[PDB]
Amino acid sequence: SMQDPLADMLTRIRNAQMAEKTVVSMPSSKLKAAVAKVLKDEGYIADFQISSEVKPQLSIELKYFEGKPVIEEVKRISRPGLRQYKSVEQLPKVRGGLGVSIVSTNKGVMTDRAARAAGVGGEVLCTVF
Amino acid sequence: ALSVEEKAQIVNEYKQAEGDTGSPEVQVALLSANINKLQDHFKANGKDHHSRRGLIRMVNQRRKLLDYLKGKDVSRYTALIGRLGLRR
RNA sequence: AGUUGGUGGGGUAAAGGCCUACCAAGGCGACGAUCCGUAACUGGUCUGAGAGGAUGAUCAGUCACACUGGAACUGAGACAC
RNA sequence: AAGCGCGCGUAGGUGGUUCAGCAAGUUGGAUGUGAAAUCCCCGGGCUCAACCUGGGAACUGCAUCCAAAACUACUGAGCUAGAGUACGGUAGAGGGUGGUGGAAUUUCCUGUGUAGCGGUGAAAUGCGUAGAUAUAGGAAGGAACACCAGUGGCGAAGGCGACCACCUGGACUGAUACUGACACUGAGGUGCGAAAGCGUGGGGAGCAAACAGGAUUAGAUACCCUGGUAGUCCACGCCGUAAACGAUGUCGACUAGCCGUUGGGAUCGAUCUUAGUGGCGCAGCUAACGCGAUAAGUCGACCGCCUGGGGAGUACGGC
RNA sequence: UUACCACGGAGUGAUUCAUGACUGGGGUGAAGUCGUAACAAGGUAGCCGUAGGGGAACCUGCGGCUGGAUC
RNA sequence: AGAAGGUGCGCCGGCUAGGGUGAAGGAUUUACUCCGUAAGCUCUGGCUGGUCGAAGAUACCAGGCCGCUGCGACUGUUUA
Ligand SMILES: [Mg+2]
Ligand SMILES: [Mg+2]
Ligand SMILES: [Mg+2]
Ligand SMILES: [Mg+2]
Ligand SMILES: [Mg+2]
Ligand SMILES: [Mg+2]
Ligand SMILES: [Mg+2]
Ligand SMILES: [Mg+2]
Ligand SMILES: [Mg+2]
Ligand SMILES: [Mg+2]
Ligand SMILES: [Mg+2]
Ligand SMILES: [Mg+2]
Ligand SMILES: [Mg+2]
Ligand SMILES: [Mg+2]
Ligand SMILES: [Mg+2]
Ligand SMILES: [Mg+2]
Ligand SMILES: [Mg+2]
Ligand SMILES: [Mg+2]
Ligand SMILES: [Mg+2]
Ligand SMILES: [Mg+2]
Ligand SMILES: [Mg+2]
Ligand SMILES: [Mg+2]
Ligand SMILES: [Mg+2]
Ligand SMILES: [Mg+2]
Ligand SMILES: [Mg+2]
Ligand SMILES: [Mg+2]
Ligand SMILES: [Mg+2]
Ligand SMILES: [Mg+2]
Ligand SMILES: [Mg+2]
Ligand SMILES: [Mg+2]
Ligand SMILES: [Mg+2]
Ligand SMILES: [Mg+2]
Ligand SMILES: [Mg+2]
Ligand SMILES: [Mg+2]
Ligand SMILES: [Mg+2]
Ligand SMILES: [Mg+2]
Ligand SMILES: [Mg+2]
Ligand SMILES: [Mg+2]
Ligand SMILES: [Mg+2]
Ligand SMILES: [Mg+2]
Ligand SMILES: [Mg+2]
Ligand SMILES: [Mg+2]
Ligand SMILES: [Mg+2]
Ligand SMILES: [Mg+2]
Ligand SMILES: [Mg+2]
Ligand SMILES: [Mg+2]
Ligand SMILES: [Mg+2]
Ligand SMILES: [Mg+2]
Ligand SMILES: [Mg+2]
Ligand SMILES: [Mg+2]
Ligand SMILES: [Mg+2]
Ligand SMILES: [Mg+2]
Ligand SMILES: [Mg+2]
Ligand SMILES: [Mg+2]
Ligand SMILES: [Mg+2]
Ligand SMILES: [Mg+2]
Ligand SMILES: [Mg+2]
Ligand SMILES: [Mg+2]
Ligand SMILES: [Mg+2]
Ligand SMILES: [Mg+2]
Ligand SMILES: [Mg+2]
Ligand SMILES: [Mg+2]
Ligand SMILES: [Mg+2]
Ligand SMILES: [Mg+2]
Ligand SMILES: [Mg+2]
Ligand SMILES: [Mg+2]
Ligand SMILES: [Mg+2]
Ligand SMILES: [Mg+2]
Ligand SMILES: [Mg+2]
Ligand SMILES: [Mg+2]
Ligand SMILES: [Mg+2]
Ligand SMILES: [Mg+2]
Ligand SMILES: [Mg+2]
Ligand SMILES: [Mg+2]
Ligand SMILES: [Mg+2]
Ligand SMILES: [Mg+2]
Ligand SMILES: [Mg+2]
Ligand SMILES: [Mg+2]
Ligand SMILES: [Mg+2]
Ligand SMILES: [Mg+2]
Ligand SMILES: [Mg+2]
Ligand SMILES: [Mg+2]
Ligand SMILES: [Mg+2]
Ligand SMILES: [Mg+2]
Ligand SMILES: [Mg+2]
Ligand SMILES: [Mg+2]
Ligand SMILES: [Mg+2]
Ligand SMILES: [Mg+2]
Ligand SMILES: [Mg+2]
Ligand SMILES: [Mg+2]
Ligand SMILES: [Mg+2]
Ligand SMILES: [Mg+2]
Ligand SMILES: [Mg+2]
Ligand SMILES: [Mg+2]
Ligand SMILES: [Mg+2]
Ligand SMILES: [Mg+2]
Ligand SMILES: [Mg+2]
Ligand SMILES: [Mg+2]
Ligand SMILES: [Mg+2]
Ligand SMILES: [Mg+2]
Ligand SMILES: [Mg+2]
Ligand SMILES: [Mg+2]
Ligand SMILES: [Mg+2]
Ligand SMILES: [Mg+2]
Ligand SMILES: [Mg+2]
């Protein structure tokens, strides 16, 4: 019944990335917007736009580079059934730093690298590589 | 089992915003009227389980609506319980 | 059913149903009470990449016991190896 | 090996979207404690090692203060994308109580008529001159509802086909208006639940466990034939089981296409769009078969269940 | 002399061990006796629930499934 | 099932709680009426001492109980 909207966002991105599409549209929220922005800063997507009119729609344009999609493995970590939190010393590494893990901290939603840069841990949302 | 006229007079008696058929009170009143009306039908037809399923569904709907209304506003809850003449 | 709380009093080195006389009908329990079986606990030890699993010889800390069941005396301290 | 037969629902678990607050969870810091020994690092002594020994690190924990506010929790105010209500229509073996039809079987009575009927792989038992089968007319009674009929429909599942009246549940379909998260799942509990079976009382045409007789056979407590009782039917009550099966839990969101079909809508026989019901098939998945928008693909929420084969879904105990 | 109380008595229950004439199934055994139920259309298609019957595998009725061959 | 088994019980004081009847008074329907009554009489209790005997349900009165089995379901009837 959409008890996790972020998992729906990542599932939509993965499913339409596998299907060789160009734009993904979904209901938006101020958390999905932060996730989309942090992906944009990491070069995993082309662009994201938020619609107006009371029921905003968020649309994301994807990248392909070669014949294979740029995002090959995206996975949610902290679900509503588990709620995983980690400290600075325990922030997970995906592909030994070749990827990124999104972390929600009291300074906002950022990457694990920025998380150690500010020295603030938090909740591990998902891992992308 | 309700009629058009019966539903119209029920909603008129229980409307709260002059044209609201979705407020909890109207739905509770309609469900209570239907539950009270079907009793005499089930008195004679004891072997009709298939309709008794729908009756149970209406009872459950009324229960959930009353619980929501109690959670929201206690005064309207007590007033509705008083007018409908039901235990809880 | 002193069972749970209150009051007056007693008692203790000291709080306290610890005890007593009244007043009330309370307290605990599927977040496992009660009952049955088994067992001193910990620092630690052995295994394992780790997470875990098994386990409390030797050494150190605490507890309990001293043929079996009770009781008190003396004493700063014992219900006394 | 492993999805409860199917629903409803209690405790619990989880929660669409905006603001604002709070600081329980969360994060960072400081302080106290976390006995010594042991394990680890750098050393020092016994000719080396085991062994002893100095300092450190560790003891991943707990507690108290300070700070932050993204997420969860809590509080106040919102919103309409989830859920529901009001209004016209559509289809349907959905359920219950009565009444009424036609075909056919059987039994009884009566007319004509005379030597077979029936059944089989071939026979026999059985029925016939105490007049059978066939044939014509009349009467009684019970049960099932040809043709329509369909990969067709409805129902939570089990299941539901003659026609009509009365009572009654749900689903599809179109626009507007309304409520404003009222939702999902669900241990326990609560109900519904084929057939066979059980109790009391009716009814009894056909079929037919048990049973009798005739065949077949080495035997035949079977398959085949002739009969035939419970039962099958009705009312009320119980029983709780099935290869109760899609051997596939419920709910929600995404992912190329082609051919049908049942209800309903739109736009101009064509195109589009919903809710079902079928056939293929790209990715993907799988041990393979195969699944493939009605997933067994990509994901979330909750529940049930499995841990080699027998013994055994058995024994004992409870209900 | 009173109060408290150990040992010890009397009555009636619960639970748990061992054992018991005699009985019921199960498993494991070896060139035993009777049949041939399943696997092929296994020679009456097999299974599932329930009822009756029979030396035994099993047979028959009622409902169900395909995890059934020919077509 | 009164299963089985157990505890108390006499007499004299102290304190204490209830019921019935019932003057005076009050009311109005003024009379074979309603309420209600101090004392007296009468019937139920409670917790606290003391005291005698060998023994307080002291006499008469007044169930013995339990465990396995056969038969018949039971209450009833029958050979004056
Ligand atoms: Mg007391
Ligand atoms: Mg005191
Ligand atoms: Mg006290
Ligand atoms: Mg326990
Ligand atoms: Mg011990
Ligand atoms: Mg391992
Ligand atoms: Mg370890
Ligand atoms: Mg080790
Ligand atoms: Mg231990
Ligand atoms: Mg020792
Ligand atoms: Mg010590
Ligand atoms: Mg200590
Ligand atoms: Mg010590
Ligand atoms: Mg201590
Ligand atoms: Mg000690
Ligand atoms: Mg000793
Ligand atoms: Mg000794
Ligand atoms: Mg001693
Ligand atoms: Mg002494
Ligand atoms: Mg002394
Ligand atoms: Mg002393
Ligand atoms: Mg001591
Ligand atoms: Mg001593
Ligand atoms: Mg001692
Ligand atoms: Mg000592
Ligand atoms: Mg299931
Ligand atoms: Mg199922
Ligand atoms: Mg189920
Ligand atoms: Mg259940
Ligand atoms: Mg259930
Ligand atoms: Mg079953
Ligand atoms: Mg539910
Ligand atoms: Mg709840
Ligand atoms: Mg939310
Ligand atoms: Mg909640
Ligand atoms: Mg907020
Ligand atoms: Mg902290
Ligand atoms: Mg230490
Ligand atoms: Mg050296
Ligand atoms: Mg603040
Ligand atoms: Mg004839
Ligand atoms: Mg005729
Ligand atoms: Mg069906
Ligand atoms: Mg039946
Ligand atoms: Mg029967
Ligand atoms: Mg019957
Ligand atoms: Mg009968
Ligand atoms: Mg017959
Ligand atoms: Mg036959
Ligand atoms: Mg016959
Ligand atoms: Mg017959
Ligand atoms: Mg019988
Ligand atoms: Mg019937
Ligand atoms: Mg079926
Ligand atoms: Mg199953
Ligand atoms: Mg299986
Ligand atoms: Mg199910
Ligand atoms: Mg599902
Ligand atoms: Mg549902
Ligand atoms: Mg679903
Ligand atoms: Mg869905
Ligand atoms: Mg296919
Ligand atoms: Mg699979
Ligand atoms: Mg597999
Ligand atoms: Mg999950
Ligand atoms: Mg889950
Ligand atoms: Mg899930
Ligand atoms: Mg086993
Ligand atoms: Mg075994
Ligand atoms: Mg075993
Ligand atoms: Mg059993
Ligand atoms: Mg056993
Ligand atoms: Mg049993
Ligand atoms: Mg005795
Ligand atoms: Mg005894
Ligand atoms: Mg004893
Ligand atoms: Mg014994
Ligand atoms: Mg024995
Ligand atoms: Mg013997
Ligand atoms: Mg067979
Ligand atoms: Mg055979
Ligand atoms: Mg066969
Ligand atoms: Mg044969
Ligand atoms: Mg076969
Ligand atoms: Mg069975
Ligand atoms: Mg059978
Ligand atoms: Mg039978
Ligand atoms: Mg049987
Ligand atoms: Mg037979
Ligand atoms: Mg039968
Ligand atoms: Mg069948
Ligand atoms: Mg007695
Ligand atoms: Mg004396
Ligand atoms: Mg006696
Ligand atoms: Mg006795
Ligand atoms: Mg006997
Ligand atoms: Mg005898
Ligand atoms: Mg007699
Ligand atoms: Mg007698
Ligand atoms: Mg007898
Ligand atoms: Mg008898
Ligand atoms: Mg008898
Ligand atoms: Mg008598
Ligand atoms: Mg008598
Ligand atoms: Mg005599």
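Letters A, B, ... are given to chains in the order of the sequence lines, protein chains preceding strands, and every chain is numbered from 1. When reading the values below, keep in mind they use all heavy atoms of this one structure, side chains included, and skip hydrogens, waters and symmetry mates.
Across the strands present, F/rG5 finds no partner; the criterion is a Watson-Crick or G-U wobble pair with both atom distances under 3.5 angstrom. D/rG257: Watson-Crick or G-U partner is D/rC280, with both key distances under 3.5 Å. Within the shown strands, nothing qualifies as a pairing partner of F/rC71 under the Watson-Crick or G-U definition with both distances less than 3.5 Å. When Watson-Crick and G-U wobble pairs are counted only if both distances are under 3.5 Å, D/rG170 pairs with no nucleotide at all. Using the Watson-Crick or G-U wobble rule with both distances under 3.5 Å, D/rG304 pairs with nothing in any strand shown. Base pairing of D/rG16: its partner is D/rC79, meeting the Watson-Crick or G-U wobble criterion (both donor-acceptor distances under 3.5 Å). Look at E/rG8: it lacks any Watson-Crick or wobble partner with both distances under 3.5 angstrom. A 3.5 Å limit on both hydrogen-bonding distances identifies no Watson-Crick or G-U partner for D/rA132.
Taking atom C1' in both D/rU185 and D/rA243, one finds a spacing of 30 Å when rounded to whole Å. Taking the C1' atoms as reference points, D/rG281 lies 15 Å from D/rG260, given to the whole Å. Here, D/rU262 and D/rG284 have their P atoms 37 Å apart, quoted to the whole Å. To the nearest whole angstrom, the two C1' atoms, one in D/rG155 and one in D/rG7, are 12 Å apart. Only the P atoms considered, D/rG292 is 8 Å distant from D/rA296, to the nearest whole Å. With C1' as the reference atom, D/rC182 and D/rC79 are 15 Å apart, rounded to whole Å. Annotation: D/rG219 and E/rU50 have their P atoms spaced 37 Å apart (nearest Å). On the P atoms, D/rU190 is 49 Å away from D/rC289, given to the nearest whole Å.
Counting only distance, with no hydrogens or angles, the side chain of B/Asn34 and the backbone of B/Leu30 share no donor-acceptor pair below 3.5 Å. Here the side chain of A/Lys40 pairs no donor or acceptor atom with the backbone of A/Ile45 at under 3.5 angstrom. A donor-acceptor pair is defined here as one N or O able to donate and one able to accept, closer than 3.5 Å; such a pair exists between the side chain of B/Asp20 and the backbone of B/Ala17.
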Pairs under 3.5 angstrom, nitrogen or oxygen only, protein versus nucleotides 27-30 of chain D, please.
{"residue": "D/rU27", "atom": "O2'", "partner": "A/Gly121", "partner atom": "N", "Å": "3.4"}
{"residue": "D/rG28", "atom": "OP1", "partner": "A/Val88", "partner atom": "N", "Å": "3.3"}

Can you give me the N/O atom pairs linking the protein to nucleotides 4-13 of chain D at distances under 3.5 Å, or say none if there are none?
{"residue": "D/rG7", "atom": "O2'", "partner": "B/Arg53", "partner atom": "NH1", "Å": "2.5"}
{"residue": "D/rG7", "atom": "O2'", "partner": "B/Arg53", "partner atom": "NH2", "Å": "2.6"}
{"residue": "D/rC8", "atom": "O2'", "partner": "B/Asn60", "partner atom": "ND2", "Å": "3.1"}
{"residue": "D/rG9", "atom": "OP1", "partner": "B/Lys64", "partner atom": "NZ", "Å": "3.1"}

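A positive value of the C1'-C2'-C3'-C4' torsion places the sugar of D/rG118 in the northern pucker family. A south sugar is assigned to E/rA40: the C1'-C2'-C3'-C4' torsion is negative, on the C2'-endo side. A positive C1'-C2'-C3'-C4' angle places the sugar of D/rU106 in the north (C3'-endo) family.
Atoms NZ (B/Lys43) and P (D/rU168) sit 17 Å apart, rounded to a whole Å.
For D/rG16, the OP1/OP2 oxygens have no side-chain nitrogen or oxygen of A/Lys55 closer than 4.0 Å. The side chain of B/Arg52 places no N or O atom within less than 4.0 Å of a non-bridging phosphate oxygen (OP1 or OP2) of D/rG95.
Listed by first and then second residue, the side-chain hydrogen bond (donor to acceptor under 3.5 Å, both in side chains) pairs involving residues 114-129 of chain A are A/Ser78-A/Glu123, A/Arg83-A/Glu123 (not counting sequence neighbours).
Nucleotide D/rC285 is annotated as unpaired relative to D/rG141 [Watson-Crick or G-U wobble, both distances under 3.5 Å].
Shown here is A/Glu89, whose CD atom has no more than 12 heavy atoms of other residues, nucleotides or ligands within 6.0 Å. The environment of B/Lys15 atom NZ is dense: over 12 non-hydrogen atoms of other residues, nucleotides or ligands sit within 6.0 angstrom. Other residues, nucleotides and ligands place more than 12 heavy atoms under 6.0 Å from the NZ atom of A/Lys93.
Checked against side chain to side chain donor-acceptor pair (under 3.5 Å), B/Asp48 has the following partners two or more places apart in sequence or in another chain: B/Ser51.
Geometric assessment of B/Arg83 against the ring of B/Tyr14 yields a positive cation-pi assignment under the 6.0 Å and 45° thresholds.
Within the 4.0 angstrom heavy-atom criterion, only backbone atoms of the sugar-phosphate kind lie near A/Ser29; the bases stay farther away. B/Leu38 comes within contact range of the sugar-phosphate backbone alone, with a heavy-atom separation under 4.0 Å but no base atom that close. In this structure, A/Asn15 reaches the bases: a heavy-atom distance under 4.0 Å links it to at least one base atom across the strands shown.
Stem analysis of RNA chain C (at least three stacked-register Watson-Crick or G-U pairs, each with both distances under 3.5 Å) gives C:3-10 with C:18-25, C:40-43 with C:59-62, C:44-47 with C:52-55.
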Base, backbone or nothing for each nucleotide of nucleotides 83-91 of chain D, written B, S, -, heavy atoms under 4.0 angstrom, 5' to 3'? -BBSSS---
